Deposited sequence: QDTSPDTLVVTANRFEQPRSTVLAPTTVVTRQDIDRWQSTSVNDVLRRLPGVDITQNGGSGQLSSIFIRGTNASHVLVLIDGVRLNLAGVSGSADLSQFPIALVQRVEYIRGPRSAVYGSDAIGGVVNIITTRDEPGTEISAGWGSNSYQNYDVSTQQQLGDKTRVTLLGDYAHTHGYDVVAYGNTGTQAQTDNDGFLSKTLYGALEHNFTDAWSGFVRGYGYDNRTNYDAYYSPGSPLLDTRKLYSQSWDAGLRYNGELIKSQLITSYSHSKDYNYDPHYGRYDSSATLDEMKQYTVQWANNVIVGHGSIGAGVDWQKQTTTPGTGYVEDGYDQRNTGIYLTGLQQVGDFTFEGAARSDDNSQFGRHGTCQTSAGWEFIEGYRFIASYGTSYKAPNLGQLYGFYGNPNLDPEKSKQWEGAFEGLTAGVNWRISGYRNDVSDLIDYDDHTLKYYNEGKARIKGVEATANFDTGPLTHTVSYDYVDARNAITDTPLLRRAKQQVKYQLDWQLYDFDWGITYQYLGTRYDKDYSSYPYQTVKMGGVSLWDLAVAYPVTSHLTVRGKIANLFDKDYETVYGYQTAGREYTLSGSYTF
């Protein structure tokens, strides 16, 4: 199988991770011709993305019916800094040109990573191993324009340098400029070090976002033992124009180890994080300094037809103190190629600055808490790889605005019951990748459905190659959703009808160096919204190329 590092921080085959797992490579992203992260993500199981319009507009990610703030987004294994002020991940500003791989694991994972990993985890990896220089560019609808240069070069054997530059610009709009460098060095065959730095300057209509991140690390990859020590600094500055500045610095230091033992592994690590915000950030008066340290244990073992996986973690947070989480999954391969999996896991979400210290702050709030149970069957039948999972997620201690006392409190519960079905198979030269999600996400106290969430989704990718034309068709059904209408007070909840959407993409190797690509997004120009009142794109055309040398 393809490897992931996201389940326990170290490489393992994805057949040994029991939680459902999706991997997107750069090759997929080039064929899809995605011009944003959201477009990559909306394609995958359990993902419901809403957006205040097109590219660059604020967005929310609802994994498996959970709140916007209950997905953990990592960049190269570190909590996305853009999410630090608001406490909820928004990838609409993150440059797609940095995205080399996505590992997405559904279900909880606080027991490895701490806060936010309730619905699942999305790790965006920016590292590639692909020697050479490449030039790319695109033109499309709304004066869309992209230029991109990158290279990877040995500087002597043992060392290599990566550089990337990207400019993307789209009127009505959204402008984004990105720069990335890395140095990778192999001290021995087992020992390695790296320093990575990147930044992007975005403008959106007037919002002005700038972010930089620097990472530095040491890894040991032995025959049995693996170790990693990584430090990370991020600094973002977010201007809105009267005058609002949100600024945050995030520091991380993590040390993990993992050893192969019996038929599997055992791991442990320690994780430290500091976030400082500047006065006035998040409509909070003072600057804050929040700290967290966690310690966790992981395990995986195969015995006969059974697989057991687990993680357990204790976090010590400077505001709410101590919270412990744990996860266990057992799988049973009862006949060759078929498997039942049962999982249980707790996870949490930390209070955010606004909830804590804003005008309606409550400095004594506790984390939001999740308990999740999941059961799955997977199999390989007649060339079809498939899986069907049912899950229940009880969330409690939700942080809610109390209008009577003008303060946030822990109160309030949600019950989510869902089914995920996926399959992939070929029929002659055709490859089919399909998924179906049912999500019944409610307020558990009133029994009413949560807003902003599609109860059902169907997703289908159909790929094939005919001459030297490589074709991809993308279909999605976004089901019924409820939302509030803010044009009239009191704001009333409205029912937004299901919608089907189609994209067509093609690529062609003009020569061995030159690939040209075309896309039509929203082929039937379907008029729809994912947030009530905010119009989405309509039919758009892209045309691009890349040249390798």
{"query": "Deposited residues without C-alpha coordinates, grouped into stretches that follow sequence order", "finding": "1-5, 178-195, 229-241, 278-286"}
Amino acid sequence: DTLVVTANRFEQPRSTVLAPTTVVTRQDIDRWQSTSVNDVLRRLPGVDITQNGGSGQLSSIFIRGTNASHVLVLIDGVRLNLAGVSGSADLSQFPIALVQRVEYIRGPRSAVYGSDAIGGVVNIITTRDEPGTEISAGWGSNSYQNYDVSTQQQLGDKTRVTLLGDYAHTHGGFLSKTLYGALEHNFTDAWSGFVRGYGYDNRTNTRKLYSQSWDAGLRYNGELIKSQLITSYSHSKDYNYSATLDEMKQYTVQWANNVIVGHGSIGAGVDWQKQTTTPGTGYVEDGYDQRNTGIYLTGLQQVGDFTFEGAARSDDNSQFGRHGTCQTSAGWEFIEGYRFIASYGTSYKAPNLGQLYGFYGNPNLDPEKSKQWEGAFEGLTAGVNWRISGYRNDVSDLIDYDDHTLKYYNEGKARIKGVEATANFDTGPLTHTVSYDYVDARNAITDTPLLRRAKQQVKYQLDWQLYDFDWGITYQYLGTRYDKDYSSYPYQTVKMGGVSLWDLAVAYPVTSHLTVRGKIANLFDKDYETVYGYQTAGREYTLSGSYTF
From here on, numbers count along this sequence of modelled residues.
{"property": "163-171 versus 269-277 - which carries the larger mean C-alpha B factor in the record", "result": "163-171"}
{"property": "Mean C-alpha B-factor comparison - 44-52 and 503-511, higher one", "result": "503-511"}
{"property": "Identity of residue with top Cα B-factor, from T21, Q535, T25, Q12", "result": "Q535"}
{"property": "Given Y344, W255, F320, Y144, the residue at which the Cα B factor reaches its maximum", "result": "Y144"}
{"property": "Where the record places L218 (Cα B-factor, split into thirds across the chain)", "result": "middle"}
{"property": "Chain-relative CA temperature factor third for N67", "result": "lowest"}
{"property": "Third of the chain, ranked by Cα B-factor, where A521 sits", "result": "middle"}
{"property": "Record-listed C-alpha B factor of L183: chain third", "result": "highest"}
{"property": "B-factor third for the C-alpha atom of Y241 within its chain", "result": "highest"}
